[PDB]
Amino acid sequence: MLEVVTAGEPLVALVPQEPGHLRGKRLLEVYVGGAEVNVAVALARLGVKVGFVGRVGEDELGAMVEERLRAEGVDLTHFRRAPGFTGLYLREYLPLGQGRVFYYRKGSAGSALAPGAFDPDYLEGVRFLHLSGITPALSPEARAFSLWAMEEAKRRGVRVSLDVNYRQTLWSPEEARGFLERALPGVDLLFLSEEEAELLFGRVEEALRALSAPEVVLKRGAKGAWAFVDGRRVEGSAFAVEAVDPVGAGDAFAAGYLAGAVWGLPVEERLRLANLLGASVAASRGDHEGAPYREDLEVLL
């Protein structure tokens, strides 16, 4: 029944209505966030049978997250409000472009995900299993969870799509590669941004040799992206649009690709689709508000 299964800790996003330092702000918008959540919702809007695995707290915010996933029609068979608090963060985008994020996630009910965080018979028949580097950077349990996950998916013959999503706050470049070197063996698909490649490896190049998965997609910001399949290297043109809030764009990019593959799409149409979802998210507010719905696809370049 289910084609994709993404997992990790969801978050509630607090953002200023316009650029400027957070200190001068007095009104914050609230959105639902979380790399996997963003992926889970983007896939669902596309008409893809997706399911999300994770925990929120027994508070008002966890209830917000659940309604978003539920209204979006994402499988929550293994998602539920567990005792504890729902993590949140505050963002701030400066006039010229400098941006910083403040987390209030340490200890959340969502950062508990330990191995066996669900029934492996869930993954049966499933095409993909998308996870993001943020999760394992959350808790020893989380790190344990990641690995276990893909293993149990591959065991079911389910392809493992992963997105680096390196976050400086959550851990150092070392521990990052350490994780990578370890989990790369089962990763059928790896999503990576250019900055990340040069921040954890120095030069995109070395990054690309160490991290060799069957299929690898490099998000190059507005310069589109590069998909690596069959030694052959494809390039994708980015959709030119005014970048409202670049947050969530990468996940939409990843979500767009996965829908491409799931629908058995040629590496080009999978890239075109990815850049499209990423331009929508970038062109809007919130973490995944701009995710398109299938019925919108046809009319988009």
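Numbers follow the displayed sequence, beginning with 1.
Stretches compared: 171 to 179, 125 to 133. Higher mean C-alpha B-factor in the entry: 171 to 179. The deposited model assigns a higher average Cα B-factor to 182 to 190 than to the other stretch when 81 to 89 and 182 to 190 are compared. Within the group 164, 71, 216, 207, the record's highest C-alpha temperature factor is found at 207. Among the modelled residues of the chain, residue 246 sits in the middle third by CA temperature factor in this PDB entry. Ranked against the other modelled residues of its chain, the C-alpha B-factor of residue 203 as given in the entry falls in the highest third. The deposited CA B-factor of residue 236 belongs to the highest third of values across its chain. When the modelled residues of the chain are ordered by C-alpha B-factor, residue 103 sits in the lowest third. In the PDB entry, residue 299 places in the highest third of its chain by CA B-factor.
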